[PDB]
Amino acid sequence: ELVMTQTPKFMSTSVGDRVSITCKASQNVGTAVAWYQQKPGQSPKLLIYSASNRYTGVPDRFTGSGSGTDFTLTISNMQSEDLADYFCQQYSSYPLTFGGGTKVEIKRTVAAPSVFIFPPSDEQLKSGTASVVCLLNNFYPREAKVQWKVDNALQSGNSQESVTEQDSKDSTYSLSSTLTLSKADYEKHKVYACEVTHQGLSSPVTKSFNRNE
């Protein structure tokens, strides 16, 4: 099949800046190329067809160009709401093929996370398990480190975390980390702490609680 090589794979752009994404076809595809935009939790939306035609409603900020094997999608005056995955397609040769996609993130000023820790509920404990949760709210950049400590012992291998998609309004991220222990293990220690390290924190922030109540 015809391969569409899209670059770059990831991009961080500040609001107001220009975005340039390219797709290279392994064989000549004329102008039979389309560009799509897929926002978080949404289905792909057609932006450009036949290489350079804007679909009705798409703003002039989005421009498709190129012919033959080299195609480009340009986004000027990037808006916070433009964050999303962009993909190209070639419909000249069968089977129809797509580029790997480009994830465009919004680059904004650094924002330190607001940290919160949650002890396991008595209800869960009665079931034999203890989940301890640490929330890192509205921060930027996405890079952040959460270190769980139990009576000063650094934990590893017993936690999992997930991050929300970048906020379309303030361009921040939020992260939740869960430390999971058996009820028996939970009742062998006193101090549970979540230590957070982030670019916006001159010194790491630690939230904690003593097992009780």
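We number the residues from 1 along the sequence you see.
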Averaging C-alpha B-factors over each stretch, which comes out higher, 100 to 108 or 131 to 139?
-> 100 to 108
Mean B factor on CA atoms, stretches 148 to 156 and 35 to 43, record says higher is 35 to 43
From the entry's CA B-factor values, the highest among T172, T180, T56, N28 is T56
Could you tell me which third, lowest, middle or highest, the C-alpha B-factor of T7 occupies within its chain?
-> highest
Third of the chain, ranked by Cα B-factor, where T72 sits | lowest
Split the chain's modelled residues into thirds by Cα B-factor; is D185 in the lowest, middle or highest one?
-> middle
Report the third (lowest, middle or highest) to which the CA temperature factor of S168 belongs, ranking only the modelled residues of the same chain.
-> highest
If you rank the chain by CA B-factor, which third does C194 end up in: lowest, middle or highest?
-> lowest
